[PDB]
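These are the residues of each chain, in order.
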Amino acid sequence: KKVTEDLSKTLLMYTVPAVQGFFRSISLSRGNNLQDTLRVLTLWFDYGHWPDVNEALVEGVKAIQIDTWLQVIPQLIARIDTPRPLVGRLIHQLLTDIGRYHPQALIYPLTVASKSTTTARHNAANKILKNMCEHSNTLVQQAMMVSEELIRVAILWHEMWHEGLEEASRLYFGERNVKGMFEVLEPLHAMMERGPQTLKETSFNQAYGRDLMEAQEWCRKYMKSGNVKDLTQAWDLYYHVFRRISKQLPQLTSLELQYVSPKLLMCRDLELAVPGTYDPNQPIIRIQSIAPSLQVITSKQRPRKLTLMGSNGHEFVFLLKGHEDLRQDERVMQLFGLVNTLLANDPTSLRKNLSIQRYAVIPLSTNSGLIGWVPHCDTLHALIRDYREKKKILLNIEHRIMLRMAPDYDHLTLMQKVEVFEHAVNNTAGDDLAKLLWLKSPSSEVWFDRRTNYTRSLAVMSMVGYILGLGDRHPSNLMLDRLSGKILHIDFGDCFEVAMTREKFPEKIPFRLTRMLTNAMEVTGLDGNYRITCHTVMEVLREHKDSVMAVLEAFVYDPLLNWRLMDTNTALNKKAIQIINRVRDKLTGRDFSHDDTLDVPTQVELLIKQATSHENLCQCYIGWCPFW
Amino acid sequence: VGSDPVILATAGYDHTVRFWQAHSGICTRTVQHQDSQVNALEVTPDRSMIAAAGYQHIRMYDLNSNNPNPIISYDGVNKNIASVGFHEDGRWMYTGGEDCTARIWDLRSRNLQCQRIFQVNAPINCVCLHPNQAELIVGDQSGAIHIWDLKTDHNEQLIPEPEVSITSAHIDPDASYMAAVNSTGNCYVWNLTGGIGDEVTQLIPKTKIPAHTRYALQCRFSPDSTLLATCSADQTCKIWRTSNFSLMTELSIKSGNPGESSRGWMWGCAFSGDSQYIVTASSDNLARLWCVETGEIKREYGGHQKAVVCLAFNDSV
Amino acid sequence: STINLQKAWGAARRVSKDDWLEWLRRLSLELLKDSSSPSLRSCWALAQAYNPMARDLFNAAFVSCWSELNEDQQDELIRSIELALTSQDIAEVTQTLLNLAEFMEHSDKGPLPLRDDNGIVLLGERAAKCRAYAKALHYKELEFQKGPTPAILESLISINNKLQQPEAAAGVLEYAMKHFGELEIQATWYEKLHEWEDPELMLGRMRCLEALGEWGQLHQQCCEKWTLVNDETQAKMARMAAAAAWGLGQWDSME
């Protein structure tokens, strides 16, 4: 170890003025300092358990403004423990500096900190909660108490135990018995019997529960017996109550909030600022009251529409959902703070108003949280349907022209797939979108402005999408603002190149550009306004790599994001570094070929051609609307 | 059926294999592929038998029996089998198919498994005849002209125009010239050059052919080797003098009106008589029989339920 | 029945701005009084008492009578209306009828005909000369749908500058190199473009040379060309020639 240690401590002599000039620059500036904030916290989490690294860090930690750490509350609640001895021990205290000055910011993250499955986090949480309780006038006790109502209602027990039951038949079958009946079905009924048989309206929740119970008896008999009669009894009884549930999940819509939970609705005018919307630079806007009934969106996931009165008279609208922890999304929206700040530095970027539309993300479990309900927005998918349906054009004509030319489409050769795709495309107009945007808009003078803002906001996320690797761009995963014409984006489940990896219909695309969008842009096509907006953004990125690469490297290497990445893709640190290596190919023009440095114009031209291959397009799945 | 000295063999996208006594103007028998899209059809030049190939499958049948079922079957290349031929004596089948593993298969005895394998990084996009029957011409999704010895992997892997999958190739019947075809719309012709050492062929460049706007599909010689045809997604078959591989005459279905462009993406050509006739896989509902050099349309056959995928032919022993 | 259309058919003898504005208002009053809607038939009283809100009700009143015209009554009224624009460019009624046409374009009546061809060019010209550059741009986009010409591009490009969009004008030139090929007409127009950008040979360069300020070569050019030429060509270049002399400190030459 001595060779790498001597190197690491001669490196630490370099780290000393690195850290010092970082801290004094972090004193001298705001915003951009976050690159430095990340890097010092990084080298600390990397190597801080040596006392000689602790020397460089601790004096600067103890001689820099609190506001520094308000930049990293989520990035620092991520690994709230950071378990290595003097590292975690000092970070516990450092988080209780925010847990002295600014509890209204920290308290949602401290709610998150409560309910780790593994021990480590839960312990740092209980320490830091009760360190903060006195420093914060027992605000913690009010806020955790309130949040505990919301956490329980959040994936309201009924839809969960229904879905677990429907899943359980699709688990026990064949010979893998435990996965369905044993594991789901008794814990399910136990978690009706405590939970919604008490902290929801007992009897009517028990309206399903009382037939789920008689199937549960036969299930409990089978669990221990192994008598194959108990199995078929348990299943047939479950099929009967499942069939009752099967008719009612389709037609619940709006739900009285105390019947959603009798403690919910009833809290008022709190010691809490509105859910992570607020910040301590402003006078408080406080949770005052709640919408009387919360509303299941008519979708496969069944999220709840909500709104909260703030003490300032505003209403703040949220969508309550969960099948993954929103932190991953939060960190994607956090990076957009930086990219917006880059475009705000350059005079021509600034003059042309360029930015990404970030939106509010508030995680509350491994599954769930609140998402900000954006106003004024419709999916790109819905609008095409509206236009076609209102005109009484046959909705999905293009797939039908393909099948009528050849029903064999999906197993044709390369060039035959292309030929039939070209034929169905050439037999169909490709500009419904251009028409509906004009029709919808009031008058030409507004419409021209809208077309411009549409074009530019599309161009911006053409570049950041391509840098990130982002895919799954079917038009039900795109959204449009009906006042400005700005585009908006709504899923990031697979950010990196792995969209190209998907085995059946690989998303063989750098970013989505397509005939209805291009035909909705100017009659000139993309050269001029679009192409030049692409150049300016890529120049600004080609330049400020130290900022963007720091945020990327920090996020992408992260030992806890590595479990999100084992859910996304795939130590993984190597694949993470390979992604950063490929980003550094995109830096130069080595992305097209590993030998080459290319100018921005040449890089963009090759990128456009990659985004217009007929072959790639008719290797998206037909449900991706590659005809549009 | 099989006794006729001139037989037309075909499929539509409907993939049913349609066999015409060529003089007749009727599909005299039909073999009902409705499992998998046809990817090649391969009647023996001896007029006796056919290997019929499609997605995941090849099967072996006679020409003289009415609507036959598989006498031998071939399976496991669970991909598009874009080209099929033989060890020319009829001992083995050869297949270019879009698994990473092209194959030699038994026609000496009943076997479903391949007699041998050729393995490549990128899956296999085309094949052609090679006269020694100690190598095979192979082409693929790496764009590499894998002329390949049948056991050693002594191989050519040449790429004349950069990177792209080579869509087809063919040899001179007298094996002095070889033409290689690409998705970029082009063909490149290289002089066949010989080595007894190792077990592998050599190529030297001859002619550069930017033949079409649209993607170049297939080429074939007249039986006298005097002409080489080349044909495309572009709706026309251009005929070259073998001497310098430049234009004699052209037979075209380039549409009378652009209201119906792709009257057909003609999927290549074959010949009949002593270079009297040229035939095309015309990608219209017609399989199309024409005269060479005169360039003129003689008989056309509409029996396919969907438009033509492939043309296979006999006017030979 | 037809008194409505007769009050537009006075278009044979409306001459002054007030004649056509009086025609528009008294027409509106007859459209209201014989409208398909009982509501509007009362609103006719207010419209008489107070014209500014009649400007509004007119658009509805128009649909309310225009649905009750068959092809003859349509053609009859169409002519009196296309004659309102055709007679004169009068900005008031021009902008008003442009909004009325645009209102029809959003309507499911379709666009009104005006001298065939959905009025596209008449509307375009009228809009352009009314400084309403976005509406003019919309009609020029619409002509480009009915097939391109070099004259369309050399119209369109000025509209993009009249609306302050340099990158859009750059797009049209880029289009004109790839759609139209190296079309030798536009390939000449690289020296008809306002920027230097790599007597039309003499002054149709000196404009560019004194914009750039290639002061040495510009001084030689101005000295040479001014001493050579003898017409309004001397007068039109004398800016660049005094400017060159100034740039060179030649106070004697400058006069």
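A chain's residues are numbered here from 1, following its sequence as written, a convention that may not match the entry; residues for which no coordinates exist are omitted. In the order they appear in the text, chains get letters beginning with A and ligands get numbers beginning with 1. Bear in mind the chains here are only a fraction of a larger assembly, and the values reflect that fraction. The basis for every side-chain value is the complete set of heavy atoms in the structure, and neither hydrogens nor water enter the calculation. Residues with missing side-chain atoms are left out of burial classes, side-chain pairs and their counts.

Under the annotation held in the PDB entry, chain B carries the name Target of rapamycin complex subunit LST8 and is attributed to Homo sapiens. Under the Sequence similarities heading, UniProt states for chain B: "Belongs to the WD repeat LST8 family." UniProt positions are given in the numbering used here, feature names are shortened, and annotations may be inferred rather than shown by experiment.

Looking at the PDB entry, one finds chain A named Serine/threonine-protein kinase mTOR, with Homo sapiens as its source organism.

Visitor: Would you mind showing me how to read the overall build of chain A here?
Guide: Looking only at helices and strands, one finds 29 helices and ten strands in chain A. Considered along the principal axes of its C-alpha atoms, chain A spans approximately 70 × 70 × 55 Å. Put simply, DSSP H or I for four residues or longer makes a helix, DSSP E for two residues or longer makes a strand, and each gets a number counted from the N terminus.

Visitor: Looking at this structure, I do not really get the nonpolar core. What am I missing?
Guide: Nonpolar side chains tend toward joint burial in soluble globular proteins. Within the largest apolar cluster, 125 residues are counted, with the highest numbers of intra-cluster contacts made by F421 and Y530 of chain A together with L8, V17, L41, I50 and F313 of chain B. Ranked by residue count, the leading element in this core is helix α21 (residues 444-468) of chain A, at ten residues. In this structure, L95, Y208, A215 and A291 of chain A belong to the second largest nonpolar core, which totals 91 residues. Nonpolar cores were defined as sets of buried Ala, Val, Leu, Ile, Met, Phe, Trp, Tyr and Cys residues, with membership established by side-chain atoms within 4.5 Å. Relative accessibility thresholds used throughout: buried, under 20% of the residue-type maximum; exposed, over 50%; partly exposed, between the two (1.4 Å probe, protein chains only).

Visitor: Sorry, what's going on with the sheet that holds strand β14 (residues 146-149) of chain B here?
Guide: Through backbone hydrogen bonds, the strands of a sheet pair up, either in parallel or in antiparallel fashion. Residue and element names in this part refer to chain B. Pairing between two strands requires that DSSP report at least two bridges joining them. Pairing within the open sheet is antiparallel, and its three strands lie in the order β12-β13-β14. Of all strands in the sheet, those with a lone pairing partner are β12 (124-128) and β14, marking the two edges. Here the average twist between neighbouring strands, direction ignored, is 35°. As defined by bridge partners, strand β13 (residues 135-140) adjoins β14 across four bridges and the pair is classed as antiparallel. Within β14, the position partnered with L136 by the bridge is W148. Orientation is described by axes fitted as lines to C-alpha atoms, over the contacting stretch for helices, and by angles from 0 to 180 degrees between their N-to-C directions.

Visitor: Explain the sheet that holds strand β9 (residues 92-96) of chain B to me, please; I cannot follow it from the model alone.
Guide: Residue and element names in this part refer to chain B. Strand order in the open sheet made by the four strands is β8-β9-β10-β11, with antiparallel pairing throughout. The open sheet is flanked by β8 (83-86) and β11 (114-119), the only strands paired with a single partner. Between one strand axis and the next, the sheet turns through 20° on average, direction left out of account. Pairing of β9 with strand β10 (residues 101-106), which is carried by four bridges, proceeds in the antiparallel orientation. Of the residues in β10, the one forming a bridge with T95 is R103.

Visitor: What is the right way to read the packing of aromatic side chains from this model?
Guide: To describe a pair of aromatic rings, you give the distance between the ring centres and the angle between the ring planes. Pairing of aromatic rings covers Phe, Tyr and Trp, the last through its six-membered ring, and needs centres within 6.5 Å; plane angles under 30 degrees mean stacked, over 60 mean edge-to-face, and all others mean tilted. This model, assessed by the stated rule, comprises 18 aromatic pairs over all chains. Their ring planes at 10° and their centres at 5.8 Å tell us that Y47 of chain A and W50 of chain A sit as a pair that is stacked. Judged by its relative accessible area of 21%, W50 of chain A falls in the partly exposed class. Judged by centre distance (4.8 Å) and plane angle (65°), the ring pair of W20 of chain C and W23 of chain C falls under edge-to-face. Of the two residues, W20 of chain C and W23 of chain C both sit in helix α2 (residues 17-33), three residues apart, roughly one turn of that helix. For the residue pair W20 of chain C and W23 of chain C, the accessibility class agrees, reading buried in each case.

Visitor: So what exactly am I meant to see when it comes to the interface of chain B and chain A here?
Guide: Reports often express the size of an interface as the amount of accessible area lost when the parts come together. Tallying the contact residues gives 19 residues for chain B and 15 residues for chain A. Basic side-chain nitrogens of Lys or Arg form a salt bridge, by our definition, when they fall within 4 Å of a carboxyl oxygen of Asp or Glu. Linking chain B with chain A are zero salt bridges, by the criterion used here. We call two N or O atoms a polar contact when they sit within 3.5 Å, provided that within protein one can donate a hydrogen and the other can accept it, with sequence-adjacent residues counted only if both atoms are side-chain atoms. Counting every contact that joins chain B to chain A gives six residue pairs in polar contact. Here a residue-residue contact requires only that any non-hydrogen atoms of the pair lie within 4.5 Å.

Visitor: It is not clear to me how the side chain of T96 of chain A should be interpreted in this structure. Could you clarify?
Guide: Assignment of secondary structure puts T96 of chain A in helix α6 (residues 85-101). Excluding residues within four positions of it along the chain, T96 of chain A makes contact with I128, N131 and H135 of chain A.

Visitor: What is the right way to look at the interface of chain A and chain C in this model?
Guide: Residue-level contacts link 21 residues of chain A with 19 residues of chain C. Once two parts are joined, some of their accessible surface, as seen by a 1.4 Å probe, is lost; buried area is that loss totalled over both. In this assembly, chain A packs against chain C so that about 1700 Å² is buried in total across both faces, 60% of it on carbon and sulfur atoms. A salt bridge links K178 of chain C to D527 of chain A; the nearest nitrogen and oxygen atoms lie 2.7 Å apart. Where chain A meets chain C, there are eight residue pairs in polar contact. Of all the secondary structure elements, the ones that give two or more residues to the side of chain A that touches chain C are α20 (432-440), α21 and α24 (529-543) of chain A. Of the residues forming the side of chain A that touches chain C, the biggest block, seven residues, is contributed by α21 of chain A.

Visitor: What is the right way to look at the state of the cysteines in this model?
Guide: Two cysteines form a disulfide when their sulfur atoms are joined by a covalent bond. Disulfides are defined as pairs of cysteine sulfur atoms found within 2.5 Å of each other. Within the structure shown, the criterion is met by zero disulfides over all chains. With no disulfide of its own, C133 of chain A lies 18 Å from the sulfur of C267 of chain A, the closest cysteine sulfur. Taking the relative accessible area as the measure of exposure, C133 of chain A reaches 9% and is therefore buried. Its sulfur unpaired, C208 of chain C is 15 Å from the next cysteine sulfur, which belongs to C222 of chain C. According to the relative accessible area criterion, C208 of chain C is buried, its value standing at 13%.

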